[PDB]
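Novice: For reference, this is upload-v4.pdb, and it has PDB, C-alpha atoms.
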ATOM      1  CA  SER F   1       0.000   0.000   0.000  1.00  0.00           C
ATOM      2  CA  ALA F   2       0.694   3.878  -0.667  1.00  0.00           C
ATOM      3  CA  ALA F   3       1.306   5.280   2.855  1.00  0.00           C
ATOM      4  CA  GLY F   4       1.224   1.955   4.982  1.00  0.00           C
ATOM      5  CA  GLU F   5      -2.544   2.566   5.629  1.00  0.00           C
ATOM      6  CA  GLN F   6      -5.203  -0.124   5.479  1.00  0.00           C
ATOM      7  CA  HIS F   7      -8.215  -0.197   3.123  1.00  0.00           C
ATOM      8  CA  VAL F   8     -10.810  -1.843   5.424  1.00  0.00           C
ATOM      9  CA  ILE F   9     -12.552  -0.853   8.655  1.00  0.00           C
ATOM     10  CA  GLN F  10     -13.600  -3.429  11.164  1.00  0.00           C
ATOM     11  CA  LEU F  11     -17.155  -2.160  11.664  1.00  0.00           C
ATOM     12  CA  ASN F  12     -18.498  -4.277  14.506  1.00  0.00           C
ATOM     13  CA  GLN F  13     -17.355  -6.730  17.237  1.00  0.00           C
ATOM     14  CA  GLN F  14     -15.270  -9.779  16.206  1.00  0.00           C
ATOM     15  CA  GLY F  15     -17.261 -13.050  16.299  1.00  0.00           C
ATOM     16  CA  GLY F  16     -19.220 -15.706  14.389  1.00  0.00           C
ATOM     17  CA  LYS F  17     -18.077 -15.631  10.727  1.00  0.00           C
ATOM     18  CA  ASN F  18     -15.933 -12.829   9.117  1.00  0.00           C
ATOM     19  CA  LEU F  19     -17.860 -11.084   6.336  1.00  0.00           C
ATOM     20  CA  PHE F  20     -15.656  -9.266   3.882  1.00  0.00           C
ATOM     21  CA  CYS F  21     -17.704  -6.517   2.285  1.00  0.00           C
ATOM     22  CA  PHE F  22     -17.001  -4.718  -1.026  1.00  0.00           C
ATOM     23  CA  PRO F  23     -18.563  -1.281  -1.429  1.00  0.00           C
ATOM     24  CA  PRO F  24     -20.908   0.508  -3.832  1.00  0.00           C
ATOM     25  CA  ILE F  25     -19.509   2.983  -6.303  1.00  0.00           C
ATOM     26  CA  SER F  26     -18.846   5.887  -3.712  1.00  0.00           C
ATOM     27  CA  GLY F  27     -15.948   3.628  -2.666  1.00  0.00           C
ATOM     28  CA  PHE F  28     -15.683   3.620   1.102  1.00  0.00           C
ATOM     29  CA  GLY F  29     -16.012   0.697   3.469  1.00  0.00           C
ATOM     30  CA  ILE F  30     -17.893   2.996   5.995  1.00  0.00           C
ATOM     31  CA  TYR F  31     -20.850   2.310   3.680  1.00  0.00           C
ATOM     32  CA  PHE F  32     -21.327  -1.036   5.540  1.00  0.00           C
ATOM     33  CA  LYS F  33     -21.966   0.724   8.889  1.00  0.00           C
ATOM     34  CA  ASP F  34     -25.684  -0.080   9.056  1.00  0.00           C
ATOM     35  CA  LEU F  35     -25.099  -3.649   7.907  1.00  0.00           C
ATOM     36  CA  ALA F  36     -22.635  -3.892  10.835  1.00  0.00           C
ATOM     37  CA  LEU F  37     -25.004  -2.483  13.425  1.00  0.00           C
ATOM     38  CA  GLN F  38     -27.650  -5.160  12.337  1.00  0.00           C
ATOM     39  CA  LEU F  39     -25.165  -7.973  12.771  1.00  0.00           C
ATOM     40  CA  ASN F  40     -23.253  -6.780  15.811  1.00  0.00           C
ATOM     41  CA  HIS F  41     -22.202  -9.984  17.730  1.00  0.00           C
ATOM     42  CA  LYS F  42     -23.573 -12.101  14.896  1.00  0.00           C
ATOM     43  CA  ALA F  43     -20.807 -11.650  12.199  1.00  0.00           C
ATOM     44  CA  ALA F  44     -17.718  -9.551  12.030  1.00  0.00           C
ATOM     45  CA  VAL F  45     -18.415  -6.935   9.252  1.00  0.00           C
ATOM     46  CA  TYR F  46     -15.291  -5.597   7.469  1.00  0.00           C
ATOM     47  CA  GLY F  47     -15.985  -2.817   4.998  1.00  0.00           C
ATOM     48  CA  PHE F  48     -13.322  -2.361   2.258  1.00  0.00           C
ATOM     49  CA  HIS F  49     -12.564   0.768   0.353  1.00  0.00           C
ATOM     50  CA  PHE F  50     -12.086   0.728  -3.356  1.00  0.00           C
ATOM     51  CA  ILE F  51      -8.213   0.588  -3.739  1.00  0.00           C
ATOM     52  CA  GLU F  52      -6.995   2.878  -6.432  1.00  0.00           C
ATOM     53  CA  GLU F  53      -3.772   1.102  -7.209  1.00  0.00           C
ATOM     54  CA  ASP F  54      -3.524  -1.475  -9.907  1.00  0.00           C
ATOM     55  CA  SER F  55      -2.468  -4.087  -7.421  1.00  0.00           C
ATOM     56  CA  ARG F  56      -5.911  -3.726  -5.660  1.00  0.00           C
ATOM     57  CA  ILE F  57      -6.807  -7.456  -6.107  1.00  0.00           C
ATOM     58  CA  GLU F  58      -3.613  -8.838  -4.519  1.00  0.00           C
ATOM     59  CA  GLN F  59      -3.976  -6.264  -1.764  1.00  0.00           C
ATOM     60  CA  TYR F  60      -7.528  -7.319  -0.880  1.00  0.00           C
ATOM     61  CA  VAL F  61      -6.456 -10.920  -0.884  1.00  0.00           C
ATOM     62  CA  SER F  62      -3.442 -10.048   1.138  1.00  0.00           C
ATOM     63  CA  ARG F  63      -5.521  -8.025   3.689  1.00  0.00           C
ATOM     64  CA  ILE F  64      -8.206 -10.629   3.968  1.00  0.00           C
ATOM     65  CA  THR F  65      -5.765 -13.404   4.892  1.00  0.00           C
ATOM     66  CA  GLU F  66      -3.996 -11.160   7.405  1.00  0.00           C
ATOM     67  CA  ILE F  67      -7.263 -10.677   9.242  1.00  0.00           C
ATOM     68  CA  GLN F  68      -8.315 -14.315   8.889  1.00  0.00           C
ATOM     69  CA  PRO F  69      -5.278 -16.599   8.318  1.00  0.00           C
ATOM     70  CA  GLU F  70      -7.436 -19.796   7.811  1.00  0.00           C
ATOM     71  CA  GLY F  71     -10.154 -20.431   5.119  1.00  0.00           C
ATOM     72  CA  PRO F  72     -12.963 -20.914   4.362  1.00  0.00           C
ATOM     73  CA  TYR F  73     -13.898 -17.281   3.492  1.00  0.00           C
ATOM     74  CA  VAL F  74     -17.291 -15.608   3.137  1.00  0.00           C
ATOM     75  CA  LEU F  75     -17.195 -12.468   0.899  1.00  0.00           C
ATOM     76  CA  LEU F  76     -19.967  -9.912   0.015  1.00  0.00           C
ATOM     77  CA  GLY F  77     -20.344  -7.264  -2.649  1.00  0.00           C
ATOM     78  CA  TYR F  78     -22.988  -4.641  -2.873  1.00  0.00           C
ATOM     79  CA  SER F  79     -23.984  -3.058  -6.094  1.00  0.00           C
ATOM     80  CA  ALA F  80     -20.805  -2.138  -7.933  1.00  0.00           C
ATOM     81  CA  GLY F  81     -18.903  -4.030  -5.202  1.00  0.00           C
ATOM     82  CA  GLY F  82     -20.509  -7.301  -6.254  1.00  0.00           C
ATOM     83  CA  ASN F  83     -18.644  -7.010  -9.605  1.00  0.00           C
ATOM     84  CA  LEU F  84     -15.427  -6.175  -7.803  1.00  0.00           C
ATOM     85  CA  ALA F  85     -15.888  -8.877  -5.100  1.00  0.00           C
ATOM     86  CA  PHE F  86     -16.250 -11.402  -7.901  1.00  0.00           C
ATOM     87  CA  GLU F  87     -12.663 -10.799  -9.137  1.00  0.00           C
ATOM     88  CA  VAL F  88     -11.418 -11.139  -5.524  1.00  0.00           C
ATOM     89  CA  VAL F  89     -13.093 -14.491  -5.217  1.00  0.00           C
ATOM     90  CA  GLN F  90     -11.469 -15.668  -8.470  1.00  0.00           C
ATOM     91  CA  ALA F  91      -8.124 -14.343  -7.280  1.00  0.00           C
ATOM     92  CA  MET F  92      -8.561 -16.070  -3.983  1.00  0.00           C
ATOM     93  CA  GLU F  93      -9.592 -19.330  -5.548  1.00  0.00           C
ATOM     94  CA  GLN F  94      -6.761 -19.086  -8.077  1.00  0.00           C
ATOM     95  CA  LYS F  95      -4.370 -19.209  -5.096  1.00  0.00           C
ATOM     96  CA  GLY F  96      -5.942 -22.293  -3.596  1.00  0.00           C
ATOM     97  CA  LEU F  97      -7.904 -20.353  -0.991  1.00  0.00           C
ATOM     98  CA  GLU F  98     -11.377 -21.650  -0.102  1.00  0.00           C
ATOM     99  CA  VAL F  99     -14.248 -19.178  -0.492  1.00  0.00           C
ATOM    100  CA  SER F 100     -17.273 -21.070   0.674  1.00  0.00           C
ATOM    101  CA  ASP F 101     -19.879 -18.515  -0.173  1.00  0.00           C
ATOM    102  CA  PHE F 102     -20.232 -15.353  -2.084  1.00  0.00           C
ATOM    103  CA  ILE F 103     -23.091 -12.987  -1.299  1.00  0.00           C
ATOM    104  CA  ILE F 104     -24.122 -10.642  -4.117  1.00  0.00           C
ATOM    105  CA  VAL F 105     -26.591  -7.919  -3.157  1.00  0.00           C
ATOM    106  CA  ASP F 106     -28.081  -5.954  -6.067  1.00  0.00           C
ATOM    107  CA  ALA F 107     -25.111  -6.512  -8.535  1.00  0.00           C
ATOM    108  CA  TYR F 108     -25.496  -8.025 -12.073  1.00  0.00           C
ATOM    109  CA  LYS F 109     -22.741  -9.963 -13.863  1.00  0.00           C
ATOM    110  CA  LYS F 110     -20.898  -7.505 -16.008  1.00  0.00           C
ATOM    111  CA  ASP F 111     -20.135  -9.175 -19.300  1.00  0.00           C
ATOM    112  CA  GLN F 112     -18.945  -6.239 -21.447  1.00  0.00           C
ATOM    113  CA  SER F 113     -17.087  -2.928 -21.087  1.00  0.00           C
ATOM    114  CA  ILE F 114     -18.836   0.305 -21.577  1.00  0.00           C
ATOM    115  CA  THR F 115     -17.516   3.756 -21.851  1.00  0.00           C
ATOM    116  CA  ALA F 116     -16.347   5.280 -18.541  1.00  0.00           C
ATOM    117  CA  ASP F 117     -19.100   7.047 -16.495  1.00  0.00           C
ATOM    118  CA  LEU F 118     -15.014  22.262  -1.283  1.00  0.00           C
ATOM    119  CA  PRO F 119     -12.390  24.224  -3.281  1.00  0.00           C
ATOM    120  CA  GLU F 120     -11.570  22.668  -6.714  1.00  0.00           C
ATOM    121  CA  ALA F 121      -8.172  21.363  -5.342  1.00  0.00           C
ATOM    122  CA  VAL F 122      -9.928  19.400  -2.496  1.00  0.00           C
ATOM    123  CA  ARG F 123     -13.120  18.560  -4.599  1.00  0.00           C
ATOM    124  CA  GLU F 124     -10.752  16.828  -7.117  1.00  0.00           C
ATOM    125  CA  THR F 125      -8.988  14.713  -4.352  1.00  0.00           C
ATOM    126  CA  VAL F 126     -12.124  13.745  -2.345  1.00  0.00           C
ATOM    127  CA  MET F 127     -13.948  12.607  -5.623  1.00  0.00           C
ATOM    128  CA  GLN F 128     -11.132  10.636  -7.081  1.00  0.00           C
ATOM    129  CA  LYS F 129     -12.063   7.340  -5.444  1.00  0.00           C
ATOM    130  CA  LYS F 130     -15.564   7.274  -6.971  1.00  0.00           C
ATOM    131  CA  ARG F 131     -14.238   8.532 -10.346  1.00  0.00           C
ATOM    132  CA  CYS F 132     -11.580   5.835 -10.162  1.00  0.00           C
ATOM    133  CA  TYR F 133     -14.058   3.170  -9.200  1.00  0.00           C
ATOM    134  CA  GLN F 134     -16.476   4.265 -11.995  1.00  0.00           C
ATOM    135  CA  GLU F 135     -13.637   3.878 -14.362  1.00  0.00           C
ATOM    136  CA  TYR F 136     -12.336   0.540 -13.100  1.00  0.00           C
ATOM    137  CA  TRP F 137     -15.921  -0.738 -13.213  1.00  0.00           C
ATOM    138  CA  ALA F 138     -16.574   0.529 -16.783  1.00  0.00           C
ATOM    139  CA  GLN F 139     -13.563  -1.465 -18.123  1.00  0.00           C
ATOM    140  CA  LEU F 140     -14.287  -4.419 -15.880  1.00  0.00           C
ATOM    141  CA  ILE F 141     -15.544  -7.684 -17.270  1.00  0.00           C
ATOM    142  CA  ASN F 142     -16.544 -10.672 -15.003  1.00  0.00           C
ATOM    143  CA  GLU F 143     -15.756 -13.913 -16.804  1.00  0.00           C
ATOM    144  CA  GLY F 144     -16.767 -17.460 -16.088  1.00  0.00           C
ATOM    145  CA  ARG F 145     -17.419 -19.046 -12.702  1.00  0.00           C
ATOM    146  CA  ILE F 146     -16.257 -19.438  -9.131  1.00  0.00           C
ATOM    147  CA  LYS F 147     -16.341 -22.594  -6.999  1.00  0.00           C
ATOM    148  CA  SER F 148     -17.894 -20.482  -4.123  1.00  0.00           C
ATOM    149  CA  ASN F 149     -21.674 -20.901  -3.607  1.00  0.00           C
ATOM    150  CA  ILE F 150     -23.401 -17.780  -4.977  1.00  0.00           C
ATOM    151  CA  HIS F 151     -26.211 -16.091  -3.022  1.00  0.00           C
ATOM    152  CA  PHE F 152     -27.939 -13.625  -5.215  1.00  0.00           C
ATOM    153  CA  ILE F 153     -30.097 -11.124  -3.306  1.00  0.00           C
ATOM    154  CA  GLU F 154     -31.968  -8.682  -5.653  1.00  0.00           C
ATOM    155  CA  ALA F 155     -33.934  -5.509  -4.712  1.00  0.00           C
ATOM    156  CA  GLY F 156     -37.463  -5.995  -3.418  1.00  0.00           C
ATOM    157  CA  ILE F 157     -38.611  -2.886  -5.308  1.00  0.00           C
ATOM    158  CA  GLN F 158     -37.780  -2.922  -8.967  1.00  0.00           C
ATOM    159  CA  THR F 159     -39.123  -0.115 -11.058  1.00  0.00           C
ATOM    160  CA  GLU F 160     -37.880  -0.125 -14.799  1.00  0.00           C
ATOM    161  CA  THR F 161     -36.104  -3.671 -15.239  1.00  0.00           C
ATOM    162  CA  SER F 162     -34.661  -4.111 -18.861  1.00  0.00           C
ATOM    163  CA  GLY F 163     -34.481  -8.031 -19.218  1.00  0.00           C
ATOM    164  CA  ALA F 164     -30.846  -7.869 -20.496  1.00  0.00           C
ATOM    165  CA  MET F 165     -30.190  -7.785 -16.628  1.00  0.00           C
ATOM    166  CA  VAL F 166     -32.446 -10.745 -15.855  1.00  0.00           C
ATOM    167  CA  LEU F 167     -30.093 -12.977 -17.971  1.00  0.00           C
ATOM    168  CA  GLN F 168     -27.330 -11.334 -15.694  1.00  0.00           C
ATOM    169  CA  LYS F 169     -28.385 -12.879 -12.281  1.00  0.00           C
ATOM    170  CA  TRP F 170     -25.094 -15.094 -12.013  1.00  0.00           C
ATOM    171  CA  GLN F 171     -26.645 -18.505 -12.638  1.00  0.00           C
ATOM    172  CA  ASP F 172     -23.745 -19.234 -15.202  1.00  0.00           C
ATOM    173  CA  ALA F 173     -20.990 -17.904 -12.757  1.00  0.00           C
ATOM    174  CA  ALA F 174     -21.752 -20.798 -10.350  1.00  0.00           C
ATOM    175  CA  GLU F 175     -19.590 -23.894 -10.520  1.00  0.00           C
ATOM    176  CA  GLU F 176     -21.355 -25.317  -7.605  1.00  0.00           C
ATOM    177  CA  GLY F 177     -24.168 -23.764  -5.613  1.00  0.00           C
ATOM    178  CA  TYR F 178     -26.559 -21.100  -6.732  1.00  0.00           C
ATOM    179  CA  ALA F 179     -29.476 -19.407  -4.958  1.00  0.00           C
ATOM    180  CA  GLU F 180     -31.666 -16.418  -5.414  1.00  0.00           C
ATOM    181  CA  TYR F 181     -33.553 -14.264  -2.812  1.00  0.00           C
ATOM    182  CA  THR F 182     -35.684 -11.214  -3.170  1.00  0.00           C
ATOM    183  CA  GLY F 183     -34.563  -8.721  -0.534  1.00  0.00           C
ATOM    184  CA  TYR F 184     -36.165  -5.420   0.539  1.00  0.00           C
ATOM    185  CA  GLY F 185     -36.171  -1.857  -0.773  1.00  0.00           C
ATOM    186  CA  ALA F 186     -35.038  -0.457  -4.083  1.00  0.00           C
ATOM    187  CA  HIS F 187     -31.572  -0.486  -5.647  1.00  0.00           C
ATOM    188  CA  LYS F 188     -30.182   2.618  -3.970  1.00  0.00           C
ATOM    189  CA  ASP F 189     -31.461   1.673  -0.380  1.00  0.00           C
ATOM    190  CA  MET F 190     -30.913  -2.024   0.471  1.00  0.00           C
ATOM    191  CA  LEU F 191     -28.272  -1.866   3.145  1.00  0.00           C
ATOM    192  CA  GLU F 192     -28.959   1.544   4.776  1.00  0.00           C
ATOM    193  CA  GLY F 193     -31.831   2.938   6.825  1.00  0.00           C
ATOM    194  CA  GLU F 194     -34.914   0.752   7.138  1.00  0.00           C
ATOM    195  CA  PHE F 195     -33.957  -2.051   4.798  1.00  0.00           C
ATOM    196  CA  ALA F 196     -30.688  -2.826   6.401  1.00  0.00           C
ATOM    197  CA  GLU F 197     -32.319  -4.862   9.036  1.00  0.00           C
ATOM    198  CA  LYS F 198     -34.704  -6.789   6.829  1.00  0.00           C
ATOM    199  CA  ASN F 199     -31.812  -7.512   4.377  1.00  0.00           C
ATOM    200  CA  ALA F 200     -29.450  -8.336   7.206  1.00  0.00           C
ATOM    201  CA  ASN F 201     -31.620 -11.256   8.382  1.00  0.00           C
ATOM    202  CA  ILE F 202     -31.182 -12.757   4.913  1.00  0.00           C
ATOM    203  CA  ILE F 203     -27.477 -12.467   5.082  1.00  0.00           C
ATOM    204  CA  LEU F 204     -27.451 -13.861   8.601  1.00  0.00           C
ATOM    205  CA  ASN F 205     -29.594 -16.869   7.616  1.00  0.00           C
ATOM    206  CA  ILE F 206     -27.256 -17.489   4.647  1.00  0.00           C
ATOM    207  CA  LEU F 207     -24.325 -17.325   7.142  1.00  0.00           C
ATOM    208  CA  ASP F 208     -26.081 -19.626   9.648  1.00  0.00           C
ATOM    209  CA  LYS F 209     -26.904 -22.245   6.946  1.00  0.00           C
ATOM    210  CA  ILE F 210     -23.345 -22.421   5.658  1.00  0.00           C
TER     211      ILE F 210
END
Can you dump the structure from the file as C-alpha coordinates?
Specialist:
Amino acid sequence: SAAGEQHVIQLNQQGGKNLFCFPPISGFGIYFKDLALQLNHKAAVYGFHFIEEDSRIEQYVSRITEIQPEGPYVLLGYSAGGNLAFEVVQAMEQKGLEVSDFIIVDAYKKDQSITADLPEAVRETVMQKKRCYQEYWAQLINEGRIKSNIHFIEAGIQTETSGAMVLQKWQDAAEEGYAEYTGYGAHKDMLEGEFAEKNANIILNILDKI
(Lines of atoms letter the chains of each structure in order from A and count residues from 1; the text may use other names and numbers.)
(Lines give C-alpha, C1' and ligand atoms only; values in the text may rest on other atoms or scores of the structure.)
Protein backbone atom coordinates (compact mmCIF):
# COMPACT_ATOMS: atom_id res chain seq x y z
CA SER A 1 0.00 0.00 0.00
CA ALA A 2 0.69 3.88 -0.67
CA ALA A 3 1.31 5.28 2.85
CA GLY A 4 1.22 1.95 4.98
CA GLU A 5 -2.54 2.57 5.63
CA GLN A 6 -5.20 -0.12 5.48
CA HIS A 7 -8.22 -0.20 3.12
CA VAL A 8 -10.81 -1.84 5.42
CA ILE A 9 -12.55 -0.85 8.65
CA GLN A 10 -13.60 -3.43 11.16
CA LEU A 11 -17.15 -2.16 11.66
CA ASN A 12 -18.50 -4.28 14.51
CA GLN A 13 -17.35 -6.73 17.24
CA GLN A 14 -15.27 -9.78 16.21
CA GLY A 15 -17.26 -13.05 16.30
CA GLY A 16 -19.22 -15.71 14.39
CA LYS A 17 -18.08 -15.63 10.73
CA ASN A 18 -15.93 -12.83 9.12
CA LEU A 19 -17.86 -11.08 6.34
CA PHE A 20 -15.66 -9.27 3.88
CA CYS A 21 -17.70 -6.52 2.29
CA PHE A 22 -17.00 -4.72 -1.03
CA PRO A 23 -18.56 -1.28 -1.43
CA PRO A 24 -20.91 0.51 -3.83
CA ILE A 25 -19.51 2.98 -6.30
CA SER A 26 -18.85 5.89 -3.71
CA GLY A 27 -15.95 3.63 -2.67
CA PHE A 28 -15.68 3.62 1.10
CA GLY A 29 -16.01 0.70 3.47
CA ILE A 30 -17.89 3.00 6.00
CA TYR A 31 -20.85 2.31 3.68
CA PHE A 32 -21.33 -1.04 5.54
CA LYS A 33 -21.97 0.72 8.89
CA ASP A 34 -25.68 -0.08 9.06
CA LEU A 35 -25.10 -3.65 7.91
CA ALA A 36 -22.64 -3.89 10.84
CA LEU A 37 -25.00 -2.48 13.42
CA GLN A 38 -27.65 -5.16 12.34
CA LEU A 39 -25.16 -7.97 12.77
CA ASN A 40 -23.25 -6.78 15.81
CA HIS A 41 -22.20 -9.98 17.73
CA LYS A 42 -23.57 -12.10 14.90
CA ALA A 43 -20.81 -11.65 12.20
CA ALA A 44 -17.72 -9.55 12.03
CA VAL A 45 -18.41 -6.93 9.25
CA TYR A 46 -15.29 -5.60 7.47
CA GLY A 47 -15.98 -2.82 5.00
CA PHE A 48 -13.32 -2.36 2.26
CA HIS A 49 -12.56 0.77 0.35
CA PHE A 50 -12.09 0.73 -3.36
CA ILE A 51 -8.21 0.59 -3.74
CA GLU A 52 -6.99 2.88 -6.43
CA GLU A 53 -3.77 1.10 -7.21
CA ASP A 54 -3.52 -1.48 -9.91
CA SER A 55 -2.47 -4.09 -7.42
CA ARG A 56 -5.91 -3.73 -5.66
CA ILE A 57 -6.81 -7.46 -6.11
CA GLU A 58 -3.61 -8.84 -4.52
CA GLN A 59 -3.98 -6.26 -1.76
CA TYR A 60 -7.53 -7.32 -0.88
CA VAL A 61 -6.46 -10.92 -0.88
CA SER A 62 -3.44 -10.05 1.14
CA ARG A 63 -5.52 -8.03 3.69
CA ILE A 64 -8.21 -10.63 3.97
CA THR A 65 -5.76 -13.40 4.89
CA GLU A 66 -4.00 -11.16 7.41
CA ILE A 67 -7.26 -10.68 9.24
CA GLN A 68 -8.32 -14.31 8.89
CA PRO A 69 -5.28 -16.60 8.32
CA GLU A 70 -7.44 -19.80 7.81
CA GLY A 71 -10.15 -20.43 5.12
CA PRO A 72 -12.96 -20.91 4.36
CA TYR A 73 -13.90 -17.28 3.49
CA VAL A 74 -17.29 -15.61 3.14
CA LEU A 75 -17.20 -12.47 0.90
CA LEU A 76 -19.97 -9.91 0.01
CA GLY A 77 -20.34 -7.26 -2.65
CA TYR A 78 -22.99 -4.64 -2.87
CA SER A 79 -23.98 -3.06 -6.09
CA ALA A 80 -20.81 -2.14 -7.93
CA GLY A 81 -18.90 -4.03 -5.20
CA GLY A 82 -20.51 -7.30 -6.25
CA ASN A 83 -18.64 -7.01 -9.61
CA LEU A 84 -15.43 -6.17 -7.80
CA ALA A 85 -15.89 -8.88 -5.10
CA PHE A 86 -16.25 -11.40 -7.90
CA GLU A 87 -12.66 -10.80 -9.14
CA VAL A 88 -11.42 -11.14 -5.52
CA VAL A 89 -13.09 -14.49 -5.22
CA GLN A 90 -11.47 -15.67 -8.47
CA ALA A 91 -8.12 -14.34 -7.28
CA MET A 92 -8.56 -16.07 -3.98
CA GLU A 93 -9.59 -19.33 -5.55
CA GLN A 94 -6.76 -19.09 -8.08
CA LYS A 95 -4.37 -19.21 -5.10
CA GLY A 96 -5.94 -22.29 -3.60
CA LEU A 97 -7.90 -20.35 -0.99
CA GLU A 98 -11.38 -21.65 -0.10
CA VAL A 99 -14.25 -19.18 -0.49
CA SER A 100 -17.27 -21.07 0.67
CA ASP A 101 -19.88 -18.51 -0.17
CA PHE A 102 -20.23 -15.35 -2.08
CA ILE A 103 -23.09 -12.99 -1.30
CA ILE A 104 -24.12 -10.64 -4.12
CA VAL A 105 -26.59 -7.92 -3.16
CA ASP A 106 -28.08 -5.95 -6.07
CA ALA A 107 -25.11 -6.51 -8.54
CA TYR A 108 -25.50 -8.02 -12.07
CA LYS A 109 -22.74 -9.96 -13.86
CA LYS A 110 -20.90 -7.50 -16.01
CA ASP A 111 -20.13 -9.18 -19.30
CA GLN A 112 -18.94 -6.24 -21.45
CA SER A 113 -17.09 -2.93 -21.09
CA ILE A 114 -18.84 0.30 -21.58
CA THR A 115 -17.52 3.76 -21.85
CA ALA A 116 -16.35 5.28 -18.54
CA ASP A 117 -19.10 7.05 -16.50
CA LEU A 118 -15.01 22.26 -1.28
CA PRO A 119 -12.39 24.22 -3.28
CA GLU A 120 -11.57 22.67 -6.71
CA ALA A 121 -8.17 21.36 -5.34
CA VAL A 122 -9.93 19.40 -2.50
CA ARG A 123 -13.12 18.56 -4.60
CA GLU A 124 -10.75 16.83 -7.12
CA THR A 125 -8.99 14.71 -4.35
CA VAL A 126 -12.12 13.75 -2.35
CA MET A 127 -13.95 12.61 -5.62
CA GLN A 128 -11.13 10.64 -7.08
CA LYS A 129 -12.06 7.34 -5.44
CA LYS A 130 -15.56 7.27 -6.97
CA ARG A 131 -14.24 8.53 -10.35
CA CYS A 132 -11.58 5.83 -10.16
CA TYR A 133 -14.06 3.17 -9.20
CA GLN A 134 -16.48 4.27 -12.00
CA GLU A 135 -13.64 3.88 -14.36
CA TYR A 136 -12.34 0.54 -13.10
CA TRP A 137 -15.92 -0.74 -13.21
CA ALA A 138 -16.57 0.53 -16.78
CA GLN A 139 -13.56 -1.47 -18.12
CA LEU A 140 -14.29 -4.42 -15.88
CA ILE A 141 -15.54 -7.68 -17.27
CA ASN A 142 -16.54 -10.67 -15.00
CA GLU A 143 -15.76 -13.91 -16.80
CA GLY A 144 -16.77 -17.46 -16.09
CA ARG A 145 -17.42 -19.05 -12.70
CA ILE A 146 -16.26 -19.44 -9.13
CA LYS A 147 -16.34 -22.59 -7.00
CA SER A 148 -17.89 -20.48 -4.12
CA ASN A 149 -21.67 -20.90 -3.61
CA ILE A 150 -23.40 -17.78 -4.98
CA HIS A 151 -26.21 -16.09 -3.02
CA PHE A 152 -27.94 -13.62 -5.21
CA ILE A 153 -30.10 -11.12 -3.31
CA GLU A 154 -31.97 -8.68 -5.65
CA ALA A 155 -33.93 -5.51 -4.71
CA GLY A 156 -37.46 -5.99 -3.42
CA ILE A 157 -38.61 -2.89 -5.31
CA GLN A 158 -37.78 -2.92 -8.97
CA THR A 159 -39.12 -0.11 -11.06
CA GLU A 160 -37.88 -0.13 -14.80
CA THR A 161 -36.10 -3.67 -15.24
CA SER A 162 -34.66 -4.11 -18.86
CA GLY A 163 -34.48 -8.03 -19.22
CA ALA A 164 -30.85 -7.87 -20.50
CA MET A 165 -30.19 -7.79 -16.63
CA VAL A 166 -32.45 -10.75 -15.86
CA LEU A 167 -30.09 -12.98 -17.97
CA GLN A 168 -27.33 -11.33 -15.69
CA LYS A 169 -28.38 -12.88 -12.28
CA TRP A 170 -25.09 -15.09 -12.01
CA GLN A 171 -26.65 -18.51 -12.64
CA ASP A 172 -23.75 -19.23 -15.20
CA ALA A 173 -20.99 -17.90 -12.76
CA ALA A 174 -21.75 -20.80 -10.35
CA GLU A 175 -19.59 -23.89 -10.52
CA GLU A 176 -21.35 -25.32 -7.60
CA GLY A 177 -24.17 -23.76 -5.61
CA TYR A 178 -26.56 -21.10 -6.73
CA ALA A 179 -29.48 -19.41 -4.96
CA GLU A 180 -31.67 -16.42 -5.41
CA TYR A 181 -33.55 -14.26 -2.81
CA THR A 182 -35.68 -11.21 -3.17
CA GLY A 183 -34.56 -8.72 -0.53
CA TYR A 184 -36.17 -5.42 0.54
CA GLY A 185 -36.17 -1.86 -0.77
CA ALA A 186 -35.04 -0.46 -4.08
CA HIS A 187 -31.57 -0.49 -5.65
CA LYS A 188 -30.18 2.62 -3.97
CA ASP A 189 -31.46 1.67 -0.38
CA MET A 190 -30.91 -2.02 0.47
CA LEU A 191 -28.27 -1.87 3.15
CA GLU A 192 -28.96 1.54 4.78
CA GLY A 193 -31.83 2.94 6.82
CA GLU A 194 -34.91 0.75 7.14
CA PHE A 195 -33.96 -2.05 4.80
CA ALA A 196 -30.69 -2.83 6.40
CA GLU A 197 -32.32 -4.86 9.04
CA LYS A 198 -34.70 -6.79 6.83
CA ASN A 199 -31.81 -7.51 4.38
CA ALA A 200 -29.45 -8.34 7.21
CA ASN A 201 -31.62 -11.26 8.38
CA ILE A 202 -31.18 -12.76 4.91
CA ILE A 203 -27.48 -12.47 5.08
CA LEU A 204 -27.45 -13.86 8.60
CA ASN A 205 -29.59 -16.87 7.62
CA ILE A 206 -27.26 -17.49 4.65
CA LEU A 207 -24.33 -17.33 7.14
CA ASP A 208 -26.08 -19.63 9.65
CA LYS A 209 -26.90 -22.24 6.95
CA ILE A 210 -23.34 -22.42 5.66
Novice: For a quick check of your reading of the model, name the residues lying within 6 Å of the coordinate (-28.3, -17.7, 2.4), counting only C-alpha atoms, and write them as a list in words.
Specialist: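 Taken together, the residues in range are residues 203, 205 and 206 of chain F.
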Novice: Once the PyMOL selection byres ((chain F and resi 20) around 6) is applied to the coordinates I shared, what remains selected? I want it as a count of residues only.
Specialist: 5
Novice: In Å, how far is it from CA of residue 73 in chain F to CA of residue 45 in chain F?
Specialist: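 Atom-to-atom, CA of residue 73 in chain F and CA of residue 45 in chain F are spaced 12.7 Å apart.
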Novice: Looking at F:106, F:121, F:23, F:84, which one is nearest to residue 165 in chain F, with distances taken over only C-alpha atoms?
Specialist: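 Of F:106, F:121, F:23, F:84, the one nearest residue 165 in chain F is F:106, counting only C-alpha atoms.
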Novice: For residue 57 in chain F, which residue out of F:162, F:94, F:199, F:139 is the nearest one, using all atoms listed in the file?
Specialist: F:94
Novice: Evaluate the PyMOL selection byres ((chain F and resi 174) around 9) against this structure - the residues, as a VMD selection string, please.
Specialist: chain F and resid 144 to 150 170 to 173 175 to 178
Novice: Enter the distance from CA of residue 90 in chain F to CA of residue 132 in chain F, in Å, rounded to one decimal.
Specialist: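 Computed distance, CA of residue 90 in chain F to CA of residue 132 in chain F, equals 21.6 Å.
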Novice: Smallest atom-to-atom distance to residue 107 in chain F: which of F:210, F:80, F:166, F:44, using all atoms listed in the file?
Specialist: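 Once distances to residue 107 in chain F are computed over all atoms listed in the file, the minimum belongs to F:80.
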Novice: Env of residue 81 in chain F: 7 Å cut, atoms = only C-alpha atoms, seq-sep filter 4 positions within chain, self excluded. Answer as a list in words.
Specialist: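 Returned residues: residues 22, 23, 24, 77 and 85 of chain F.
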Novice: Restricting the calculation to only C-alpha atoms: of F:100, F:55, F:115, F:168, which residue gets closest to residue 71 in chain F?
Specialist: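 Nearest to residue 71 in chain F: F:100.
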